[PDB]
Structure formats: C-alpha cells, structure tokens
C-alpha cells in the first residue's frame, strides 16, 4: 500500500492493524477532546476502508479513541480523535503509538425507497 509520511509502522501478517504514531508531543487537559496528527497520507486499495481503533496500551490510561472511518477516497493526513476521560492532564510524546489502522472491505449499494 502507498503511503506518505512516517507516522505509521509495517505490521506482522498475524496482526490486524498498523500502529499509528503521534506526529508531535500533545497535552490533553482533563475531559479535553483533541485531533492528534499522525503525519501520514494513505492510498487505500479500491474496495476497502481504514478503521481507526484504539490500542489497549493507551486505553488503559484513560484515553479513548473515537471511532475513525478513513474513506477509500481520502487523500489528506490521518488524524486521531482522542478524549481524556481521566481527572488529570496527560501527555503524549512525539512518535508514541496512539492507535491502530485496520483495512477492511466495504460494500457499495444504491438505496431504493421500498417497503
């Protein structure tokens, strides 16, 4: 798969997703929502979409990743929406692993107004 940027890592065949990296150091206040830059662009194969999902490693710190849908046609850089649900401030370091990207098949169908 064609990509641009270095905020993503190759994966084992036995793994479902690619690790996504935080482009820069981020500071999340309590309850704050942030869109974390990864610095990568993707060219997904025709017929598939990218699923941004969290890693147990950072989830276990009170950081939730909000469902991420990457469209086959998206050409901009990937961003990870993250909320700090803890009562204290949290800091993500540069290049730290923040989420996963899973490539799944997507079905296309026109909508008929039936019963």
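Only the largest set of C-alpha atoms that superpose within 1.5 Å between the two forms is called the rigid core. Positions refer to the first chain, counted from 1.
The higher RMS C-alpha distance to the shown form in 7 other deposited structures of this protein, out of 85-93 and 71-79, belongs to 85-93, with every structure fitted on the core. Taken in 7 other deposited structures of this protein and fitted on the core, 15-23 and 103-111 differ in how far their Cα atoms move from the shown form, and the one that moves more is 103-111. As recorded in the PDB entry, 103-111 is the stretch of 18-26 and 103-111 with the greater mean C-alpha temperature factor. The PDB entry reports B-factors from which the mean C-alpha value can be compared for 60-68 and 28-36; the larger average falls on 60-68. Going by the entry's values, 43 shows the largest Cα B-factor out of 43, 90, 51, 81.
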